[PDB]
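K.L.:
Input structure: model20.cif, which contains mmCIF, N, CA and C atoms.
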```cif
data_start
#
loop_
_atom_site.label_atom_id
_atom_site.label_comp_id
_atom_site.auth_asym_id
_atom_site.auth_seq_id
_atom_site.Cartn_x
_atom_site.Cartn_y
_atom_site.Cartn_z
N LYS X 1 -19.84 -1.97 -6.09
CA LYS X 1 -18.84 -1.18 -5.31
C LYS X 1 -17.86 -2.11 -4.60
N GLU X 2 -16.58 -1.82 -4.77
CA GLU X 2 -15.51 -2.60 -4.16
C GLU X 2 -15.53 -2.43 -2.64
N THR X 3 -15.36 -3.52 -1.90
CA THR X 3 -15.35 -3.43 -0.44
C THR X 3 -14.05 -2.76 -0.02
N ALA X 4 -14.02 -2.24 1.20
CA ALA X 4 -12.82 -1.58 1.71
C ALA X 4 -11.65 -2.55 1.78
N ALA X 5 -11.91 -3.78 2.22
CA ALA X 5 -10.85 -4.78 2.33
C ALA X 5 -10.28 -5.13 0.95
N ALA X 6 -11.16 -5.27 -0.03
CA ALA X 6 -10.73 -5.60 -1.39
C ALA X 6 -9.94 -4.46 -2.01
N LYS X 7 -10.33 -3.22 -1.72
CA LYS X 7 -9.63 -2.07 -2.26
C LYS X 7 -8.22 -2.03 -1.69
N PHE X 8 -8.08 -2.36 -0.41
CA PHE X 8 -6.76 -2.37 0.21
C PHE X 8 -5.87 -3.42 -0.45
N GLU X 9 -6.43 -4.59 -0.73
CA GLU X 9 -5.66 -5.65 -1.37
C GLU X 9 -5.19 -5.21 -2.75
N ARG X 10 -6.11 -4.65 -3.54
CA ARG X 10 -5.77 -4.21 -4.89
C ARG X 10 -4.72 -3.11 -4.90
N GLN X 11 -4.84 -2.15 -3.99
CA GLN X 11 -3.90 -1.05 -3.95
C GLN X 11 -2.58 -1.33 -3.27
N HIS X 12 -2.61 -2.11 -2.19
CA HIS X 12 -1.40 -2.33 -1.41
C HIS X 12 -0.75 -3.70 -1.31
N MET X 13 -1.32 -4.72 -1.94
CA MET X 13 -0.73 -6.05 -1.85
C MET X 13 -0.06 -6.53 -3.14
N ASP X 14 1.23 -6.86 -3.05
CA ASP X 14 1.96 -7.41 -4.19
C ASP X 14 2.97 -8.38 -3.60
N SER X 15 2.46 -9.53 -3.20
CA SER X 15 3.26 -10.57 -2.56
C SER X 15 4.27 -11.30 -3.44
N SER X 16 3.93 -11.48 -4.71
CA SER X 16 4.76 -12.25 -5.63
C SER X 16 5.84 -11.57 -6.47
N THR X 17 5.81 -10.25 -6.60
CA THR X 17 6.80 -9.57 -7.43
C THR X 17 8.25 -9.90 -7.08
N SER X 18 9.07 -10.01 -8.12
CA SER X 18 10.49 -10.30 -7.94
C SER X 18 11.29 -9.11 -8.47
N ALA X 19 10.61 -7.98 -8.64
CA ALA X 19 11.24 -6.76 -9.14
C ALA X 19 10.81 -5.54 -8.33
N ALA X 20 10.68 -5.73 -7.02
CA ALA X 20 10.27 -4.65 -6.12
C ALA X 20 11.16 -3.42 -6.18
N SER X 21 12.41 -3.59 -6.61
CA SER X 21 13.34 -2.47 -6.68
C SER X 21 13.61 -1.97 -8.10
N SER X 22 13.04 -2.63 -9.10
CA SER X 22 13.26 -2.22 -10.49
C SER X 22 12.73 -0.80 -10.70
N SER X 23 13.49 0.00 -11.44
CA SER X 23 13.08 1.38 -11.68
C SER X 23 11.71 1.46 -12.33
N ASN X 24 11.36 0.47 -13.14
CA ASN X 24 10.07 0.46 -13.82
C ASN X 24 8.96 -0.27 -13.06
N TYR X 25 9.27 -0.82 -11.90
CA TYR X 25 8.27 -1.55 -11.13
C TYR X 25 6.99 -0.76 -10.88
N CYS X 26 7.12 0.46 -10.37
CA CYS X 26 5.95 1.26 -10.08
C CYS X 26 5.08 1.62 -11.28
N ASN X 27 5.70 1.95 -12.41
CA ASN X 27 4.91 2.29 -13.58
C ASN X 27 4.01 1.13 -13.96
N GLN X 28 4.57 -0.08 -13.92
CA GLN X 28 3.83 -1.28 -14.26
C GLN X 28 2.77 -1.62 -13.21
N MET X 29 3.17 -1.58 -11.94
CA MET X 29 2.26 -1.90 -10.85
C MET X 29 1.08 -0.93 -10.76
N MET X 30 1.36 0.36 -10.81
CA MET X 30 0.30 1.35 -10.72
C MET X 30 -0.71 1.20 -11.86
N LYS X 31 -0.23 0.87 -13.05
CA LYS X 31 -1.12 0.70 -14.19
C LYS X 31 -1.96 -0.57 -14.06
N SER X 32 -1.32 -1.68 -13.72
CA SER X 32 -2.00 -2.96 -13.59
C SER X 32 -3.06 -2.98 -12.49
N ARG X 33 -2.82 -2.28 -11.40
CA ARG X 33 -3.79 -2.26 -10.31
C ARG X 33 -4.85 -1.18 -10.51
N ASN X 34 -4.91 -0.65 -11.72
CA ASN X 34 -5.87 0.38 -12.10
C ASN X 34 -5.82 1.66 -11.29
N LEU X 35 -4.61 2.14 -11.02
CA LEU X 35 -4.43 3.36 -10.25
C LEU X 35 -4.00 4.53 -11.14
N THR X 36 -4.17 4.36 -12.45
CA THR X 36 -3.81 5.40 -13.42
C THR X 36 -4.84 5.44 -14.55
N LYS X 37 -6.03 4.93 -14.28
CA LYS X 37 -7.08 4.89 -15.29
C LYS X 37 -7.71 6.24 -15.62
N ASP X 38 -8.26 6.91 -14.61
CA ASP X 38 -8.89 8.21 -14.83
C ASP X 38 -7.93 9.35 -14.48
N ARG X 39 -6.90 9.02 -13.70
CA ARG X 39 -5.90 9.99 -13.28
C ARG X 39 -4.76 9.24 -12.61
N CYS X 40 -3.65 9.92 -12.37
CA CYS X 40 -2.50 9.29 -11.73
C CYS X 40 -2.60 9.41 -10.22
N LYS X 41 -2.68 8.28 -9.52
CA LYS X 41 -2.72 8.33 -8.07
C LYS X 41 -1.33 8.84 -7.70
N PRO X 42 -1.24 9.95 -6.96
CA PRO X 42 0.05 10.52 -6.58
C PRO X 42 1.03 9.63 -5.80
N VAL X 43 0.54 8.98 -4.75
CA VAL X 43 1.39 8.14 -3.91
C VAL X 43 0.72 6.82 -3.57
N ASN X 44 1.50 5.74 -3.55
CA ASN X 44 0.95 4.43 -3.22
C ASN X 44 2.04 3.45 -2.80
N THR X 45 1.81 2.75 -1.70
CA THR X 45 2.76 1.78 -1.17
C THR X 45 2.29 0.35 -1.40
N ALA X 46 3.19 -0.49 -1.90
CA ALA X 46 2.89 -1.90 -2.15
C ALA X 46 3.68 -2.73 -1.14
N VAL X 47 3.02 -3.70 -0.51
CA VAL X 47 3.69 -4.55 0.47
C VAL X 47 4.02 -5.90 -0.14
N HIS X 48 5.27 -6.33 0.00
CA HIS X 48 5.72 -7.59 -0.56
C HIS X 48 5.87 -8.69 0.48
N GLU X 49 4.74 -9.04 1.08
CA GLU X 49 4.67 -10.10 2.07
C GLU X 49 3.35 -10.80 1.77
N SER X 50 3.14 -11.97 2.36
CA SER X 50 1.91 -12.71 2.12
C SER X 50 0.70 -11.94 2.64
N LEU X 51 -0.46 -12.20 2.06
CA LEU X 51 -1.68 -11.55 2.52
C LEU X 51 -1.90 -11.89 3.99
N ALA X 52 -1.62 -13.14 4.36
CA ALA X 52 -1.78 -13.57 5.75
C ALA X 52 -0.92 -12.74 6.70
N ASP X 53 0.33 -12.48 6.31
CA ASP X 53 1.22 -11.69 7.15
C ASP X 53 0.74 -10.25 7.32
N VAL X 54 0.18 -9.67 6.27
CA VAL X 54 -0.30 -8.30 6.36
C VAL X 54 -1.59 -8.24 7.18
N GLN X 55 -2.48 -9.22 6.99
CA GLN X 55 -3.72 -9.26 7.75
C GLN X 55 -3.43 -9.45 9.23
N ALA X 56 -2.36 -10.18 9.53
CA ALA X 56 -1.97 -10.45 10.91
C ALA X 56 -1.61 -9.18 11.68
N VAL X 57 -1.22 -8.13 10.97
CA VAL X 57 -0.86 -6.88 11.61
C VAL X 57 -2.01 -6.28 12.41
N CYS X 58 -3.24 -6.60 12.02
CA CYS X 58 -4.42 -6.08 12.73
C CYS X 58 -4.53 -6.58 14.16
N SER X 59 -3.68 -7.53 14.53
CA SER X 59 -3.68 -8.09 15.88
C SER X 59 -2.36 -7.79 16.58
N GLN X 60 -1.56 -6.91 15.98
CA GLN X 60 -0.27 -6.57 16.55
C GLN X 60 -0.27 -5.26 17.34
N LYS X 61 0.75 -4.43 17.20
CA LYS X 61 0.83 -3.19 17.99
C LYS X 61 -0.20 -2.10 17.64
N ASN X 62 -1.10 -1.82 18.57
CA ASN X 62 -2.11 -0.79 18.35
C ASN X 62 -1.48 0.58 18.56
N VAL X 63 -1.56 1.42 17.53
CA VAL X 63 -1.00 2.76 17.57
C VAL X 63 -1.97 3.75 16.94
N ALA X 64 -1.76 5.03 17.22
CA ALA X 64 -2.63 6.06 16.67
C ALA X 64 -2.39 6.21 15.18
N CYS X 65 -3.45 6.58 14.46
CA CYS X 65 -3.35 6.81 13.02
C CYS X 65 -3.02 8.28 12.85
N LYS X 66 -2.54 8.64 11.66
CA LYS X 66 -2.20 10.03 11.36
C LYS X 66 -3.39 10.96 11.61
N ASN X 67 -4.59 10.49 11.26
CA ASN X 67 -5.80 11.28 11.42
C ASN X 67 -6.41 11.30 12.82
N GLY X 68 -5.76 10.62 13.76
CA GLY X 68 -6.27 10.61 15.12
C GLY X 68 -7.06 9.38 15.52
N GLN X 69 -7.52 8.60 14.55
CA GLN X 69 -8.28 7.39 14.85
C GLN X 69 -7.38 6.43 15.61
N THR X 70 -7.99 5.50 16.35
CA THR X 70 -7.23 4.55 17.14
C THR X 70 -7.33 3.11 16.65
N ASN X 71 -7.64 2.93 15.37
CA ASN X 71 -7.75 1.59 14.81
C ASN X 71 -6.57 1.24 13.91
N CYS X 72 -5.40 1.82 14.21
CA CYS X 72 -4.20 1.54 13.43
C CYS X 72 -3.31 0.57 14.17
N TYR X 73 -2.56 -0.22 13.40
CA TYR X 73 -1.66 -1.21 13.96
C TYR X 73 -0.34 -1.20 13.22
N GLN X 74 0.74 -1.33 13.98
CA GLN X 74 2.09 -1.33 13.43
C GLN X 74 2.67 -2.73 13.50
N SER X 75 3.19 -3.21 12.37
CA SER X 75 3.76 -4.54 12.31
C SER X 75 4.97 -4.67 13.24
N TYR X 76 5.06 -5.80 13.93
CA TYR X 76 6.18 -6.03 14.83
C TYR X 76 7.47 -6.16 14.04
N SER X 77 7.39 -6.79 12.87
CA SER X 77 8.57 -6.99 12.04
C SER X 77 8.59 -6.00 10.89
N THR X 78 9.75 -5.90 10.24
CA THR X 78 9.87 -5.03 9.08
C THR X 78 9.41 -5.89 7.91
N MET X 79 8.88 -5.24 6.88
CA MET X 79 8.39 -5.94 5.71
C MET X 79 8.94 -5.27 4.47
N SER X 80 9.07 -6.04 3.39
CA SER X 80 9.55 -5.47 2.15
C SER X 80 8.39 -4.69 1.53
N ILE X 81 8.65 -3.44 1.20
CA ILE X 81 7.63 -2.61 0.59
C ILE X 81 8.25 -1.76 -0.51
N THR X 82 7.39 -1.21 -1.36
CA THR X 82 7.85 -0.33 -2.41
C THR X 82 6.95 0.90 -2.42
N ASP X 83 7.57 2.07 -2.33
CA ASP X 83 6.84 3.32 -2.37
C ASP X 83 6.84 3.79 -3.82
N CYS X 84 5.66 4.12 -4.31
CA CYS X 84 5.49 4.60 -5.68
C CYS X 84 4.97 6.03 -5.63
N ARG X 85 5.73 6.96 -6.21
CA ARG X 85 5.33 8.36 -6.22
C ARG X 85 5.56 9.00 -7.58
N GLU X 86 4.62 9.84 -8.00
CA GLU X 86 4.73 10.52 -9.27
C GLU X 86 5.98 11.39 -9.34
N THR X 87 6.62 11.41 -10.51
CA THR X 87 7.81 12.21 -10.72
C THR X 87 7.36 13.55 -11.31
N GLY X 88 8.32 14.43 -11.57
CA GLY X 88 7.98 15.73 -12.13
C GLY X 88 7.48 15.65 -13.56
N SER X 89 8.00 14.69 -14.33
CA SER X 89 7.61 14.53 -15.72
C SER X 89 6.28 13.80 -15.89
N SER X 90 5.71 13.33 -14.78
CA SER X 90 4.44 12.61 -14.83
C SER X 90 3.29 13.54 -15.18
N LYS X 91 2.49 13.13 -16.16
CA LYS X 91 1.34 13.91 -16.60
C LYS X 91 0.32 13.02 -17.30
N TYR X 92 -0.83 12.84 -16.67
CA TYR X 92 -1.91 12.02 -17.22
C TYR X 92 -2.20 12.46 -18.66
N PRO X 93 -2.46 11.49 -19.56
CA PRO X 93 -2.51 10.05 -19.34
C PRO X 93 -1.14 9.36 -19.31
N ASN X 94 -0.08 10.16 -19.25
CA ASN X 94 1.28 9.62 -19.22
C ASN X 94 1.85 9.69 -17.81
N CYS X 95 1.35 8.84 -16.92
CA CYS X 95 1.82 8.81 -15.54
C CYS X 95 3.24 8.26 -15.48
N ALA X 96 4.04 8.80 -14.56
CA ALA X 96 5.42 8.36 -14.38
C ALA X 96 5.70 8.28 -12.89
N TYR X 97 6.30 7.18 -12.45
CA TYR X 97 6.57 6.96 -11.04
C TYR X 97 8.00 6.60 -10.69
N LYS X 98 8.42 7.06 -9.51
CA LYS X 98 9.74 6.75 -8.97
C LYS X 98 9.49 5.54 -8.07
N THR X 99 10.38 4.56 -8.15
CA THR X 99 10.26 3.34 -7.36
C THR X 99 11.28 3.33 -6.23
N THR X 100 10.82 3.26 -4.99
CA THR X 100 11.73 3.22 -3.85
C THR X 100 11.39 2.04 -2.96
N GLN X 101 12.25 1.03 -2.97
CA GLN X 101 12.03 -0.17 -2.17
C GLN X 101 12.65 0.01 -0.79
N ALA X 102 12.01 -0.55 0.22
CA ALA X 102 12.52 -0.45 1.58
C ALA X 102 12.03 -1.62 2.43
N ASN X 103 12.67 -1.80 3.58
CA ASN X 103 12.29 -2.87 4.49
C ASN X 103 12.04 -2.30 5.87
N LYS X 104 10.78 -2.00 6.16
CA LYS X 104 10.43 -1.47 7.47
C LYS X 104 9.03 -1.84 7.92
N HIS X 105 8.63 -1.32 9.07
CA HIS X 105 7.33 -1.63 9.63
C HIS X 105 6.22 -0.91 8.88
N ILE X 106 5.07 -1.56 8.78
CA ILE X 106 3.94 -0.94 8.12
C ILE X 106 2.88 -0.64 9.17
N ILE X 107 2.09 0.39 8.92
CA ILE X 107 1.03 0.77 9.82
C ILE X 107 -0.24 0.81 8.99
N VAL X 108 -1.22 0.00 9.39
CA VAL X 108 -2.48 -0.06 8.66
C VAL X 108 -3.66 0.16 9.59
N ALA X 109 -4.75 0.66 9.03
CA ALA X 109 -5.98 0.88 9.77
C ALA X 109 -6.81 -0.37 9.50
N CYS X 110 -7.42 -0.92 10.53
CA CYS X 110 -8.22 -2.13 10.38
C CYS X 110 -9.67 -1.93 10.79
N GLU X 111 -10.56 -2.74 10.23
CA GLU X 111 -11.97 -2.64 10.57
C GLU X 111 -12.77 -3.83 10.04
N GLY X 112 -13.96 -4.01 10.61
CA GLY X 112 -14.84 -5.08 10.18
C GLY X 112 -14.69 -6.42 10.87
N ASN X 113 -15.47 -7.38 10.38
CA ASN X 113 -15.47 -8.74 10.88
C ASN X 113 -15.53 -9.63 9.65
N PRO X 114 -14.41 -10.30 9.31
CA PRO X 114 -13.12 -10.27 10.00
C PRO X 114 -12.47 -8.89 10.06
N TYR X 115 -11.65 -8.69 11.10
CA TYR X 115 -10.94 -7.44 11.34
C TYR X 115 -9.72 -7.44 10.42
N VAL X 116 -9.83 -6.73 9.30
CA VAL X 116 -8.75 -6.70 8.31
C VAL X 116 -8.31 -5.29 7.89
N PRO X 117 -7.18 -5.19 7.17
CA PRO X 117 -6.69 -3.88 6.74
C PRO X 117 -7.60 -3.20 5.72
N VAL X 118 -7.87 -1.92 5.93
CA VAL X 118 -8.71 -1.16 5.01
C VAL X 118 -8.02 0.12 4.57
N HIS X 119 -6.88 0.43 5.19
CA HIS X 119 -6.14 1.64 4.84
C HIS X 119 -4.67 1.48 5.18
N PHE X 120 -3.80 2.02 4.33
CA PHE X 120 -2.37 1.98 4.59
C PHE X 120 -2.03 3.38 5.10
N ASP X 121 -1.65 3.47 6.38
CA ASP X 121 -1.36 4.77 6.97
C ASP X 121 0.06 5.28 6.74
N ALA X 122 1.05 4.41 6.91
CA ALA X 122 2.44 4.81 6.73
C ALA X 122 3.37 3.64 7.01
N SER X 123 4.66 3.88 6.81
CA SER X 123 5.67 2.88 7.07
C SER X 123 6.72 3.55 7.96
N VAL X 124 7.41 2.75 8.76
CA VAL X 124 8.45 3.27 9.64
C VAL X 124 9.66 2.36 9.53
#
```
Is it possible to express this structure as structure tokens?
P.N.:
Amino acid sequence: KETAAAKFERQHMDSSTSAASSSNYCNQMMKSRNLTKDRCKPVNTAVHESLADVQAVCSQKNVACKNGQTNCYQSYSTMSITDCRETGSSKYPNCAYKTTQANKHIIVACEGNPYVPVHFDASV
């Protein structure tokens, strides 16, 4: 079983991509990170910053999570991210995604020792 921290890395970390805004970025990313194997994950955000920078957010601004928990943190700086969401023509096993790149703050839920990201709550 994949650890929570490892799952967050696989689903939300893409530090090296040079095509964060390419229309086909999401189709490729979602497939490669195994988010379209048994079904199409409807929504997923990829962060284009170093793992160290994203992990550092767990020590930044403490804010409430959408679900009410208090273990969420908002990055002080804006980060390059890409939102991947299924389009209308998307239909497993033929998943299709719209790619929307943006530069804003990320909010992640953190836990454990080391205290690291385990959930991507939202971006602002």
K.L.:
Just want the 7 Å neighbourhood of segment 112-123 of chain X, counted on all atoms listed in the file, with same-chain residues fewer than 4 positions away dropped. Output as a compact mmCIF listing (two decimals) with N, CA and C atoms, in the frame of the given file.
P.N.:
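Output file part_34.txt follows:
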```txt
# COMPACT_ATOMS: atom_id res chain seq x y z
N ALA X 4 -14.02 -2.24 1.20
CA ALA X 4 -12.82 -1.58 1.71
C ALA X 4 -11.65 -2.55 1.78
N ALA X 5 -11.91 -3.78 2.22
CA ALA X 5 -10.85 -4.78 2.33
C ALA X 5 -10.28 -5.13 0.95
N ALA X 6 -11.16 -5.27 -0.03
CA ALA X 6 -10.73 -5.60 -1.39
C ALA X 6 -9.94 -4.46 -2.01
N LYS X 7 -10.33 -3.22 -1.72
CA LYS X 7 -9.63 -2.07 -2.26
C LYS X 7 -8.22 -2.03 -1.69
N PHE X 8 -8.08 -2.36 -0.41
CA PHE X 8 -6.76 -2.37 0.21
C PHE X 8 -5.87 -3.42 -0.45
N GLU X 9 -6.43 -4.59 -0.73
CA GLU X 9 -5.66 -5.65 -1.37
C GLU X 9 -5.19 -5.21 -2.75
N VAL X 54 0.18 -9.67 6.27
CA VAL X 54 -0.30 -8.30 6.36
C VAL X 54 -1.59 -8.24 7.18
N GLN X 55 -2.48 -9.22 6.99
CA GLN X 55 -3.72 -9.26 7.75
C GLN X 55 -3.43 -9.45 9.23
N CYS X 58 -3.24 -6.60 12.02
CA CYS X 58 -4.42 -6.08 12.73
C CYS X 58 -4.53 -6.58 14.16
N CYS X 65 -3.45 6.58 14.46
CA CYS X 65 -3.35 6.81 13.02
C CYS X 65 -3.02 8.28 12.85
N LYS X 66 -2.54 8.64 11.66
CA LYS X 66 -2.20 10.03 11.36
C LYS X 66 -3.39 10.96 11.61
N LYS X 104 10.78 -2.00 6.16
CA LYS X 104 10.43 -1.47 7.47
C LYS X 104 9.03 -1.84 7.92
N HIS X 105 8.63 -1.32 9.07
CA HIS X 105 7.33 -1.63 9.63
C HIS X 105 6.22 -0.91 8.88
N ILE X 106 5.07 -1.56 8.78
CA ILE X 106 3.94 -0.94 8.12
C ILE X 106 2.88 -0.64 9.17
N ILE X 107 2.09 0.39 8.92
CA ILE X 107 1.03 0.77 9.82
C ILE X 107 -0.24 0.81 8.99
N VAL X 108 -1.22 0.00 9.39
CA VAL X 108 -2.48 -0.06 8.66
C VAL X 108 -3.66 0.16 9.59
```
K.L.:
By how many Å are atom N of residue 71 of chain X and atom CA of residue 51 of chain X apart?
P.N.:
20.3 Å
K.L.:
With the PyMOL selection byres ((chain X and resi 75-81) around 8) as the selection, what would be picked from this file? Answer as a PyMOL selection string, please.
P.N.:
chain X and resi 20-21+45-49+56-58+60-62+72-74+82-84+100-108+124
K.L.:
Please produce a file of the residues just selected, as a PDB file, in the coordinates of the input, where the atoms kept are N, CA and C atoms.
P.N.:
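This is the output file again-v1.pdb:
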```pdb
ATOM      1  N   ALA X  20      10.680  -5.730  -7.020  1.00  0.00           N
ATOM      2  CA  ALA X  20      10.270  -4.650  -6.120  1.00  0.00           C
ATOM      3  C   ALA X  20      11.160  -3.420  -6.180  1.00  0.00           C
ATOM      4  N   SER X  21      12.410  -3.590  -6.610  1.00  0.00           N
ATOM      5  CA  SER X  21      13.340  -2.470  -6.680  1.00  0.00           C
ATOM      6  C   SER X  21      13.610  -1.970  -8.100  1.00  0.00           C
ATOM      7  N   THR X  45       1.810   2.750  -1.700  1.00  0.00           N
ATOM      8  CA  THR X  45       2.760   1.780  -1.170  1.00  0.00           C
ATOM      9  C   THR X  45       2.290   0.350  -1.400  1.00  0.00           C
ATOM     10  N   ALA X  46       3.190  -0.490  -1.900  1.00  0.00           N
ATOM     11  CA  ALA X  46       2.890  -1.900  -2.150  1.00  0.00           C
ATOM     12  C   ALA X  46       3.680  -2.730  -1.140  1.00  0.00           C
ATOM     13  N   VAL X  47       3.020  -3.700  -0.510  1.00  0.00           N
ATOM     14  CA  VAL X  47       3.690  -4.550   0.470  1.00  0.00           C
ATOM     15  C   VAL X  47       4.020  -5.900  -0.140  1.00  0.00           C
ATOM     16  N   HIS X  48       5.270  -6.330   0.000  1.00  0.00           N
ATOM     17  CA  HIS X  48       5.720  -7.590  -0.560  1.00  0.00           C
ATOM     18  C   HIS X  48       5.870  -8.690   0.480  1.00  0.00           C
ATOM     19  N   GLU X  49       4.740  -9.040   1.080  1.00  0.00           N
ATOM     20  CA  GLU X  49       4.670 -10.100   2.070  1.00  0.00           C
ATOM     21  C   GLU X  49       3.350 -10.800   1.770  1.00  0.00           C
ATOM     22  N   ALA X  56      -2.360 -10.180   9.530  1.00  0.00           N
ATOM     23  CA  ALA X  56      -1.970 -10.450  10.910  1.00  0.00           C
ATOM     24  C   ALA X  56      -1.610  -9.180  11.680  1.00  0.00           C
ATOM     25  N   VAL X  57      -1.220  -8.130  10.970  1.00  0.00           N
ATOM     26  CA  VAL X  57      -0.860  -6.880  11.610  1.00  0.00           C
ATOM     27  C   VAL X  57      -2.010  -6.280  12.410  1.00  0.00           C
ATOM     28  N   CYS X  58      -3.240  -6.600  12.020  1.00  0.00           N
ATOM     29  CA  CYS X  58      -4.420  -6.080  12.730  1.00  0.00           C
ATOM     30  C   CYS X  58      -4.530  -6.580  14.160  1.00  0.00           C
ATOM     31  N   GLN X  60      -1.560  -6.910  15.980  1.00  0.00           N
ATOM     32  CA  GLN X  60      -0.270  -6.570  16.550  1.00  0.00           C
ATOM     33  C   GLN X  60      -0.270  -5.260  17.340  1.00  0.00           C
ATOM     34  N   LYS X  61       0.750  -4.430  17.200  1.00  0.00           N
ATOM     35  CA  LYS X  61       0.830  -3.190  17.990  1.00  0.00           C
ATOM     36  C   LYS X  61      -0.200  -2.100  17.640  1.00  0.00           C
ATOM     37  N   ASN X  62      -1.100  -1.820  18.570  1.00  0.00           N
ATOM     38  CA  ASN X  62      -2.110  -0.790  18.350  1.00  0.00           C
ATOM     39  C   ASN X  62      -1.480   0.580  18.560  1.00  0.00           C
ATOM     40  N   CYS X  72      -5.400   1.820  14.210  1.00  0.00           N
ATOM     41  CA  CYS X  72      -4.200   1.540  13.430  1.00  0.00           C
ATOM     42  C   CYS X  72      -3.310   0.570  14.170  1.00  0.00           C
ATOM     43  N   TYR X  73      -2.560  -0.220  13.400  1.00  0.00           N
ATOM     44  CA  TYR X  73      -1.660  -1.210  13.960  1.00  0.00           C
ATOM     45  C   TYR X  73      -0.340  -1.200  13.220  1.00  0.00           C
ATOM     46  N   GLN X  74       0.740  -1.330  13.980  1.00  0.00           N
ATOM     47  CA  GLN X  74       2.090  -1.330  13.430  1.00  0.00           C
ATOM     48  C   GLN X  74       2.670  -2.730  13.500  1.00  0.00           C
ATOM     49  N   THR X  82       7.390  -1.210  -1.360  1.00  0.00           N
ATOM     50  CA  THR X  82       7.850  -0.330  -2.410  1.00  0.00           C
ATOM     51  C   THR X  82       6.950   0.900  -2.420  1.00  0.00           C
ATOM     52  N   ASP X  83       7.570   2.070  -2.330  1.00  0.00           N
ATOM     53  CA  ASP X  83       6.840   3.320  -2.370  1.00  0.00           C
ATOM     54  C   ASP X  83       6.840   3.790  -3.820  1.00  0.00           C
ATOM     55  N   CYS X  84       5.660   4.120  -4.310  1.00  0.00           N
ATOM     56  CA  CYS X  84       5.490   4.600  -5.680  1.00  0.00           C
ATOM     57  C   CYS X  84       4.970   6.030  -5.630  1.00  0.00           C
ATOM     58  N   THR X 100      10.820   3.260  -4.990  1.00  0.00           N
ATOM     59  CA  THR X 100      11.730   3.220  -3.850  1.00  0.00           C
ATOM     60  C   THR X 100      11.390   2.040  -2.960  1.00  0.00           C
ATOM     61  N   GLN X 101      12.250   1.030  -2.970  1.00  0.00           N
ATOM     62  CA  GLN X 101      12.030  -0.170  -2.170  1.00  0.00           C
ATOM     63  C   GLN X 101      12.650   0.010  -0.790  1.00  0.00           C
ATOM     64  N   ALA X 102      12.010  -0.550   0.220  1.00  0.00           N
ATOM     65  CA  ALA X 102      12.520  -0.450   1.580  1.00  0.00           C
ATOM     66  C   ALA X 102      12.030  -1.620   2.430  1.00  0.00           C
ATOM     67  N   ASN X 103      12.670  -1.800   3.580  1.00  0.00           N
ATOM     68  CA  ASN X 103      12.290  -2.870   4.490  1.00  0.00           C
ATOM     69  C   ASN X 103      12.040  -2.300   5.870  1.00  0.00           C
ATOM     70  N   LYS X 104      10.780  -2.000   6.160  1.00  0.00           N
ATOM     71  CA  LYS X 104      10.430  -1.470   7.470  1.00  0.00           C
ATOM     72  C   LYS X 104       9.030  -1.840   7.920  1.00  0.00           C
ATOM     73  N   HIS X 105       8.630  -1.320   9.070  1.00  0.00           N
ATOM     74  CA  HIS X 105       7.330  -1.630   9.630  1.00  0.00           C
ATOM     75  C   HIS X 105       6.220  -0.910   8.880  1.00  0.00           C
ATOM     76  N   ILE X 106       5.070  -1.560   8.780  1.00  0.00           N
ATOM     77  CA  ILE X 106       3.940  -0.940   8.120  1.00  0.00           C
ATOM     78  C   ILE X 106       2.880  -0.640   9.170  1.00  0.00           C
ATOM     79  N   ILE X 107       2.090   0.390   8.920  1.00  0.00           N
ATOM     80  CA  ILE X 107       1.030   0.770   9.820  1.00  0.00           C
ATOM     81  C   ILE X 107      -0.240   0.810   8.990  1.00  0.00           C
ATOM     82  N   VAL X 108      -1.220   0.000   9.390  1.00  0.00           N
ATOM     83  CA  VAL X 108      -2.480  -0.060   8.660  1.00  0.00           C
ATOM     84  C   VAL X 108      -3.660   0.160   9.590  1.00  0.00           C
ATOM     85  N   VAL X 124       7.410   2.750   8.760  1.00  0.00           N
ATOM     86  CA  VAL X 124       8.450   3.270   9.640  1.00  0.00           C
ATOM     87  C   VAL X 124       9.660   2.360   9.530  1.00  0.00           C
TER      88      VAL X 124
END
```
K.L.:
Calculate how many Å separate atom CA of residue 41 of chain X from atom C of residue 17 of chain X, rounding to one decimal.
P.N.:
21.3 Å
K.L.:
Expand the PyMOL selection byres ((chain X and resi 23-37) around 6) into the individual residues it matches in the shown file, reporting them as a VMD selection string.
P.N.:
chain X and resid 10 19 21 to 22 38 to 41 84 97 to 99
K.L.:
Mind pulling up the distance from atom CA of residue 94 of chain X to atom CA of residue 12 of chain X?
P.N.:
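According to the coordinates, atom CA of residue 12 of chain X and atom CA of residue 94 of chain X are separated by 21.6 Å.
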K.L.:
May I ask which of the residues X:69, X:92, X:50, X:42 is the closest one to residue 15 of chain X, counting only C-alpha atoms?
P.N.:
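Under the stated criterion, the closest residue is X:50.
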K.L.:
Residues of segment 13-117 of chain X classed as alpha helix (DSSP H) by DSSP on the backbone are to be reported as a ChimeraX atom specification.
P.N.:
/X:25-32,51-56
K.L.:
Quick one: 4 Å padding each side, axis-aligned, all listed atoms of segment 32-49 of chain X - centre and edge lengths in Å to one decimal, as JSON?
P.N.:
```
{"center_x": -1.5, "center_y": -0.1, "center_z": -6.8, "size_x": 22.8, "size_y": 29.3, "size_z": 25.7}
```
